[PDB]
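The chain below stands alone and is given in structure tokens; this is the form deposited in one PDB entry.
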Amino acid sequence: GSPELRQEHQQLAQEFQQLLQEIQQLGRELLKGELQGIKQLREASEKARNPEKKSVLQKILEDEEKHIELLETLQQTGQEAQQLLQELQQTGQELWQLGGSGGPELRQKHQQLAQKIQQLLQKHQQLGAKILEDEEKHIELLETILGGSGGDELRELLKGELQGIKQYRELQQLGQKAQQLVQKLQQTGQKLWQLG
């Protein structure tokens, strides 16, 4: 009955909290990697004399600098989602006590926070997808200038960039699970009200 539902809603919300934390942490790790990659890039780009290599490295550098801002915006929306979660927690625990009693505004509020969190999650996924895509384009660009012999520093850059991709992917994967939890929270939630 609702008792198992209330338990399930509660468990999902807890999972969601653990995951969100886990994601914030991975995104700070990504930011450190981006900043480290940029440092290696700008040295390589400055040291380059071959014009083809130089122009390529410059395009990748420029784009990598832009990822920093995208990541900051991602971090902020992350931290916003944690704040909405706090209010879901607080409002939720009052609904626990109140049930369906009184006017609907508290139930509405809970429901709207869940809506906003869902929207932040999508924005999050879209920003992430934009970073990943351009990061894969940079792998491609590096490959165009690693023909033949040499490029030992270019290979270090390729390697750090591939490692960044791995981390980005790990993170899109956690966010997918987060959006899935939120779906489930909405489904179990609605059922709590329907059964009421």
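The term rigid core refers to the maximal set of C-alpha atoms that superpose within 1.5 Å between the two forms. For every residue, the number given is its place in the sequence shown, counted from 1.
Not on display, but discussed next: the form deposited in another entry.
Once the rigid core is used as the reference frame, the Cα position of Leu132 differs between this form and the one not shown by less than 2 Å.
When two forms of a protein are overlaid on their rigid core, residues whose CA moves 2 Å or more are considered shifted, and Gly151 is one of them between this form and the one not shown. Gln76: CA moves less than 2 Å between this form and the one not shown after rigid-core fitting. Note on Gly100 and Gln115: their C-alpha atoms are more widely spaced in that other deposited form, a change of at least 3 Å from this conformation. Compared with the form shown here, the Cα atoms of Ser149 and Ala48 sit 3 Å or more closer together in that other deposited form.
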